[PDB]
Amino acid sequence: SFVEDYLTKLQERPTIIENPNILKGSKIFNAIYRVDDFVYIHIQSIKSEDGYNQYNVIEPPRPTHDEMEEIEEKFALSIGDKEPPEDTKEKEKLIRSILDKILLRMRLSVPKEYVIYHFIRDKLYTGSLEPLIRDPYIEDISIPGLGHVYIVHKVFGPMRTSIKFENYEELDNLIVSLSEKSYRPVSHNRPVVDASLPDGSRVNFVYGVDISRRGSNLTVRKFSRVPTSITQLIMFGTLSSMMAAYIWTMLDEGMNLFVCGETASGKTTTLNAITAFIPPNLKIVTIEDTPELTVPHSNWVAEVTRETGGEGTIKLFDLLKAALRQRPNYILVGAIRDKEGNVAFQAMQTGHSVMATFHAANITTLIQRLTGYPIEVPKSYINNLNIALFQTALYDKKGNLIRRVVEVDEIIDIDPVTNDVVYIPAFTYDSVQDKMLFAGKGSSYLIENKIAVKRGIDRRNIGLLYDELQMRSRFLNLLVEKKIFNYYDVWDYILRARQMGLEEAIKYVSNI
Amino acid sequence: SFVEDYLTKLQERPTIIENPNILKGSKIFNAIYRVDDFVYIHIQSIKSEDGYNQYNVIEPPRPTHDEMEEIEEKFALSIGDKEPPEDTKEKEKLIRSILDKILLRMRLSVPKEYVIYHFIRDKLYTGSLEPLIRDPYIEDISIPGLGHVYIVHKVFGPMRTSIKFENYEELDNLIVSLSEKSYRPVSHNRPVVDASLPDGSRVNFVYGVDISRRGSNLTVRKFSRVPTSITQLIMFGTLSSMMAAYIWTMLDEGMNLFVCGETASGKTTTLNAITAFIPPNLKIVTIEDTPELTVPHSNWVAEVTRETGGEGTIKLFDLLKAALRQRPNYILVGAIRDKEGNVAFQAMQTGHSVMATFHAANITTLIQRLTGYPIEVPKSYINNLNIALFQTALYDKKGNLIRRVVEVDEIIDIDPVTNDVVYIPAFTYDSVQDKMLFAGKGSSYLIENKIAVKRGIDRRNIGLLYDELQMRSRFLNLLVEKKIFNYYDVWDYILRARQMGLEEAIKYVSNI
Amino acid sequence: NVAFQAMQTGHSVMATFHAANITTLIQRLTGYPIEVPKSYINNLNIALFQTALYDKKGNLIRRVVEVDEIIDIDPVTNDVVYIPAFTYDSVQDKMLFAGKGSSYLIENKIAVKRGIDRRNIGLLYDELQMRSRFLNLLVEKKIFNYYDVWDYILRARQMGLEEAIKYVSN
Ligand SMILES: Nc1ncnc2c1ncn2[C@@H]1O[C@H](COP(=O)(O)OP(=O)(O)O)[C@@H](O)[C@H]1O
Ligand SMILES: Nc1ncnc2c1ncn2[C@@H]1O[C@H](COP(=O)(O)OP(=O)(O)O)[C@@H](O)[C@H]1O
Ligand SMILES: [Mg+2]
Ligand SMILES: [Mg+2]
């Protein structure tokens, strides 16, 4: 068969899996896995001098150019007047039929099925890129110009694929047909185009050698349908169970919270994980430039921006303004860096809860950038933001990149005398022991001065809040210990905890 | 009956109740309350796993799809060239008649009265959302995308209803159809629309999967056709009786006044309330992007902008220019933001009084924005605007949201040494004691340089003006004490005060 | 302005800019039409300055005259704080590592990422010295072609510095 045909020509035969997660940290490998019928992936860890491992795409052989052009011809002549009907799925299963009854009397080189696959892949889908689209372990796809297609793999990082573009014309035809298929055709007049693929991936096209001098280029950004969960983050060591419990307590009470950090620090991942702590019967509105977030709540409005060059442009600013008319309980802003930040604080000021990510290493930098142009949050408004957490990518002792929350700050106010932010570090990070340090039971301005007054608690009864905090930490630990990691499983158990109560939920989980 | 039918399919029967107010606090129940003769609501005390109570709409059964198609097509074939009348009642009268003719000769799968309910519901009203609109216990309605319609119920809080939208295009059609019925169609170019349903409920639309990625979404917020009155605003603490008396005095004398603040600070609400102070026999032209102002005056031109995506588009600017030829006494502009601001001041310079809402937190910012791009009011004309009030949202000590007019400024001049506004703060606010402060006696330039001169009172009998002011404050305080809060009742009492004098008015209303 | 937007969204950036020194650079970055607000200026970490100078025979040479690390904003003056990591001694025609042992980017960015205490910073300066040693060896062996040099840098990435140094030394 086509796989074994490939698989026999290899000097050293690759093993079998179907999930390269096992290889995490394995710097040596030679494996092959399924994607679809007609698509297998052979990953081999060569000692490539420029540090790319190999990602080999295994597809059915192609009929000769002559066969195709003959099949194209005979096909084009059919359904002439006839219009290609709307629906994608039952009107794909039509092009099939027509293929059969023009192939059934043809002497073909390769087996028909394999002819079918290539005809369909190129006509109805993303052609040679389709295996990469179909592969759930790929996050970025780049065709920078002439040469190989490059990807970023979640396990392996950047890899070089076996797919190769040798001429400008192939490249052009790819960018043109895909952009047309995405209903946003490129032209020489407007050669730069952003669009969505049917699977929801985002694609950027740049068309014409006069603009992309190594040949027309594209970039596909794919998004995970299943976000990393809060128990995974705890297991990774990125947050402690107590820290996550603290966040849970705060989101349960509608606190406003920014997840901050600099390049690739994991802000969006942490944001998506802690979203599971927002009470499940509430309305969440997400507003993003890029559709990265997946919210488990049923009452979830998900909005994205649109840039048209002028008329019809919809910005984050516009969507946050509209969110004030949408009765949200939480507004989640993908990332703040412009005037939408001002509207976000006005949303906080008028009874709406907000979370967002922001690119900044520490609270001083965060406040300076929020109060500066272009965001222009007034100092008198900064107090609306209750929690700023900062995380960063660091190396561990083995040289591996890890992500860590390095500080969690409770914002109290800006000092009128000094114009400096008054805040309390709720958590800090000890890099030596690799542990999150909790400031403790007498430490939280938010618990004592905000929540206590909210939940109608007297000072004598303040320990009951710290007690529930402790119980939440216990529950999260038990989830981790029982290996409850999948985002939706974790959501289910959070919901269970809310339904039966923490004390009883802990007993239930203890006995799995 | 359609209801009794429904009950028989149930595992166990719910108790019939007059209204859900009795179920309040409780959580072990099972009830059916009546909305219309066609709408009964079944409420289930057993939560879903995500903590939503279930709100089940009991409607009469629908005709088959082919029956409905047959009816629509026949309805369309009758009358199909003629345009329907604008009057909603006459419209419905016509539709029922025509419908009665078509159905008379038909053999229906369900009773006639049921076909009629559903036809009228979908054609004239809000379709499957109509039961929610008609239930007075519904506060908010959300369709966040594909899935159920979610609501906020006055008794039960968030609930999941039995209404579902499972098809992108059907959801698009709903948003398009409802926006068209709201007199403000969405388009792909302008996919975000704020408007009001025919019943007066505010609605926000977001159109197209390219912007709302889980499907077109909407939010309905119910609330009185009766606008909040000035006596209610005093009782809320948003402004004092003296502040209202001041504004009343100023509008009596044709002063120009902007209501300023951030979004959702309550500016439109305050403008609508103080409009009741404009003398009753005057011409009012309102100019808005969507109607919010409910003017009680008889001589009221209500104009609204229009976006067509091409020819026929009419903006605030165009309407404001036309107002110069319409002999209004007051022009009320819903909000001023762009070059229409310049025309508003042209209106002032040609003898028309103007009020508007504007986005600015203080007088300094207001003047910077008026004089800068794109408004560009020349500096020497800025003092045509007499009064700016600034309103903001805040939290009190308990954490409750409140809205307060925090400053009232009289605009005197722009200082040529150099370009700073000369103004007088006639009122300010003490945020600690939550109190409004008057400047006050012999502080107002407008009282003692415009009104006194017109009157024409000497600088030593100026007490007469401040006595009329203290007088108006007492009358307003009296209305609050006697709980005269309804907008139109307050209007009547104001007109009554005009038509027998303050002294006689205070003394009257003291009795009740 | 968009280059700074790119830094603020987690993309690294390099660029050339026509300016003689950090003061001029910052005036131009913060002024019209670039208009980067001061609070974002320190997204740019390093500014290097290079000039055409005359040699003693009156021919043109190019020299890096300063390398500046951009730190943050001074709370008293509202000015951009920077420290020179390198300066140029025109009389000896030598680059001075003025930031040696006191570089902000080395201690507060690099060292922190590596979890290296303020008291073990010497390890980073050791690694730097080995990098320099390697670059000298390439020069000594007349490895000048851009692609040959690129190959050796990659060889150093692979294999590691110490034995790349051994291989080059031969
Ligand atoms: N806690 C973590 N542990 C390990 N990897 C992570 C963690 N958080 C994020 N990542 C990975 O790091 C990269 C950047 O994550 P992202 O959430 O997009 O960061 P940012 O939002 O700060 O740009 C992604 O590849 C993501 O899968
Ligand atoms: N003084 C007030 N007190 C309490 N609620 C108010 C007040 N003014 C307005 N609101 C409510 O606040 C919300 C925003 O009001 P609106 O007048 O539309 O503000 P803006 O015009 O500034 O956007 C509305 O739901 C309205 O009912
Ligand atoms: Mg308004
Ligand atoms: Mg990011």
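Conventions used here
- Residues numbered from 1 in each chain as written, not as in the entry; some residues may be left out.
- Chains lettered and ligands numbered in written order.
- Part of a larger assembly, values for the part shown.
- Heavy atoms only, no water.
- UniProt positions renumbered as here; feature names shortened; annotations may be inferred.
- Helix = DSSP H or I, 4+ residues; strand = E, 2+ residues; numbered from the N terminus.
- Buried < 20%, exposed > 50% of the residue type's maximum accessible area, 1.4 Å probe, protein only.
- Contact = heavy atoms within 4.5 Å.
- Polar contact = N/O pair within 3.5 Å; in protein donor to acceptor, adjacent residues only side chain to side chain.
- Near = heavy atom within 4 Å.
- Areas by Shrake-Rupley, 256 points an atom, 1.4 Å probe, with all protein chains shown as cover.
- Buried area = accessible area lost by both parts, 1.4 Å probe.
- Salt bridge = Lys/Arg side-chain N within 4 Å of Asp/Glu carboxyl O.
- Nonpolar A, V, L, I, M, F, W, Y, C, P; charged D, E, K, R; others polar.
- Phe/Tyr/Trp six-rings, centres within 6.5 Å; stacked < 30°, edge-to-face > 60°.
- 1 Å grid on protein atoms, 1.4 Å probe; cavity = no way out; pocket = protein on both sides within 12 Å on 5 of 7 lines; lining within 4 Å.
- Points joined across faces, edges and corners; volume = space filled by probe spheres on them.
- Axes fitted to C-alpha atoms, helices over the stretch in contact; angles between N-to-C directions.
- Parallel < 35°, antiparallel > 145°, perpendicular 65-115°, else oblique.
- Left-handed = near helix turned anticlockwise from the far one by under 90°.

Structure determination for this entry is recorded as X-ray crystallography, at 2.00 Å resolution.

Undergrad: Please explain the UniProt feature "binding site: ADP" in chain A as it appears in this structure.
TA: Residues and elements named next belong to chain A. Here the UniProt-annotated "binding site: ADP" positions come out as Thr238, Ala264, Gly266, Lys267, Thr268 and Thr269. A stretch of 32 residues holds the annotated residues, and the largest C-alpha distance among them is 13.6 Å, short enough that they meet in one place. With respect to the helices, strands and loops of the structure, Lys267 is situated in helix α9 (residues 267-274). Take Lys267: its relative accessible area is 13%, and that puts it in the buried class. For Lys267, the contacting residues outside a window of four places in its chain are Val259, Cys260, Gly261, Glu262, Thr357, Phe358, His359 and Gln391. Of the polar contacts made by the side chain of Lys267, one reaches the backbone oxygen of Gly261; its length is 3.1 Å.

Undergrad: Is there a simple way to explain the site of ligand 2 in this structure?
TA: Residues and elements named next belong to chain B. In the region of ligand 2, the neighbouring residues are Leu233, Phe236, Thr238, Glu262, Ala264, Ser265, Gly266, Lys267, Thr268, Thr269 and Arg403. One nitrogen or oxygen atom from the main chain of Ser265 is found 3.2 Å from an oxygen atom belonging to ligand 2. Between an oxygen atom of ligand 2 and a main-chain N or O atom of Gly266, the distance comes to 3.0 Å. Look at ligand 2: alone it shows 550 Å² of surface, and the protein chains cover 69% of it. Those elements that provide at least two residues to the shell around ligand 2 are α7 (230-236) and α9 (267-274). A per-element tally of the shell around ligand 2 places α9 first, with three residues.

Undergrad: Is there a simple way to think about the interface of chain A and chain C in this case?
TA: Where interface size is quoted, it is often the accessible area lost as the parts come together. Each side of the interface is counted separately: chain A has 18 residues, and chain C has 16 residues. Approximately 1,600 Å² of surface area, both sides summed, lies buried where chain A meets chain C, with 49% of it carried by carbon and sulfur atoms. Summed over the three residues of chain A that lose the most area to chain C, namely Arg337, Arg369 and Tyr395 of chain A, the buried surface amounts to 38% of that side. There are zero salt bridges connecting chain A and chain C. Summed over the shared surface of chain A and chain C, the result is eight residue pairs in polar contact. With three residues, the single largest contributor to the side of chain A that touches chain C is strand β16 (residues 387-395) of chain A. By residue class, the composition of the side of chain A that touches chain C is eight nonpolar, four polar and six charged.

Undergrad: Any chance you could explain the packing of aromatic side chains here in plain terms?
TA: Here a ring pair, both rings aromatic, is described through the centre-centre distance and the interplanar angle of the planes. Taken as a whole and assessed by the stated rule, the structure comprises 34 aromatic pairs over all chains. Ring geometry for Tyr493 of chain B against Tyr508 of chain B: centres 6.5 Å apart, planes inclined by 85°, an arrangement best described as edge-to-face. Pair noted here: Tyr493 of chain B is in helix α15 (residues 487-498) and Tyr508 of chain B is in helix α16 (residues 502-509), with a separation of 15 residues, a long-range link. Classification of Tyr508 of chain B by relative accessible area gives partly exposed; the value is 43%. Considering the side-chain rings of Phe97 of chain C and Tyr125 of chain C, the 6.3 Å spacing of their centres and the 50° angle between planes classify their relative orientation as tilted. With a gap of 28 residues between them, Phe97 of chain C in the loop between β4 (94-96) and α4 (104-113) and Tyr125 of chain C in helix α5 (residues 122-140) connect regions that are remote in the sequence. Given the relative accessible area of 26%, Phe97 of chain C is considered partly exposed. On the basis of relative accessibility, which here comes to 14%, the residue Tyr125 of chain C falls in the buried class. The structure contains a cluster of three or more aromatic residues connected by ring pairs, namely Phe2, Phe38, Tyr40, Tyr114 and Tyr117 of chain A.

Undergrad: What should I look at first to understand the interface of chain B and chain A in this one?
TA: Counting residues at the interface gives 38 residues for chain B, matched by 37 residues for chain A. Interface of chain B and chain A: buried area, both sides summed, is about 3,200 Å²; carbon and sulfur atoms make up 49% of it. In terms of surface lost to chain A, no three residues of chain B exceed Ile211, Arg213 and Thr263 of chain B, which account for 21% of the buried area on that side. The interface formed by chain B and chain A holds four salt bridges in total. Of all the secondary structure elements, the ones that give two or more residues to the side of chain B that touches chain A are β5 (138-143), β7 (157-165), β8 (192-196), β9 (202-206), β10 (217-221), β16 (387-395) and β17 (401-415) of chain B. Per-element tally for the side of chain B that touches chain A: the top contributor is β16 of chain B, with four residues.

Undergrad: Even after reading the chapter, I still don't get the site of ligand 1, so can you show me in this structure?
TA: Residues and elements named next belong to chain A. With respect to spatial proximity, the complete set of residues near ligand 1 consists of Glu139, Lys154, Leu233, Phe236, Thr238, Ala264, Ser265, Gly266, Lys267, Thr268, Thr269 and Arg403. For ligand 1, a nitrogen atom lies 2.8 Å from a polar atom in the side chain of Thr238. At the level of elements, α7 (230-236) and α9 are the ones that each hand at least two residues to the shell around ligand 1. The dominant element in the shell around ligand 1, judged by the number of residues it contributes, is α9, at three residues. Looking at side-chain class alone, the shell around ligand 1 contains three nonpolar, five polar and four charged residues.

Undergrad: Whenever I open this one, empty space enclosed by the protein confuses me. Can you help?
TA: Over the atoms, a rolling probe the size of a water molecule traces out where space has been left empty. Residues and elements named next belong to chain A. Counted by the stated rule, this structure contains two cavities of 30 Å³ or more. Reported here for the largest cavity is a volume of approximately 40 Å³. Lining the largest cavity are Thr126, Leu129, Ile133, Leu178, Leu197, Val203 and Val220. If you add up the space inside the second largest cavity, you get close to 30 Å³.

Undergrad: Is there a simple way to explain the packing of helix α2 (residues 65-77) of chain A against helix α3 (residues 95-103) of chain A in this structure?
TA: To describe two helices that pack against each other, one gives the angle between their axes and the distance between the axes. Residues and elements named next belong to chain A. It is the contact of α2 with α3, at a shortest axis distance of 10 Å, that shows an interaxial angle of 115°. Considering the angle they form, α2 stands roughly perpendicular to α3. Classified by chirality, the crossing of α3 by α2 is right-handed. Counting all contacts with α2, which are made through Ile71, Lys74 and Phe75, the residues of α3 involved are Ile95, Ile98, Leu99, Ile102 and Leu103. Looking at side-chain class alone, the contact of α2 with α3 contains seven nonpolar, no polar and one charged residues.

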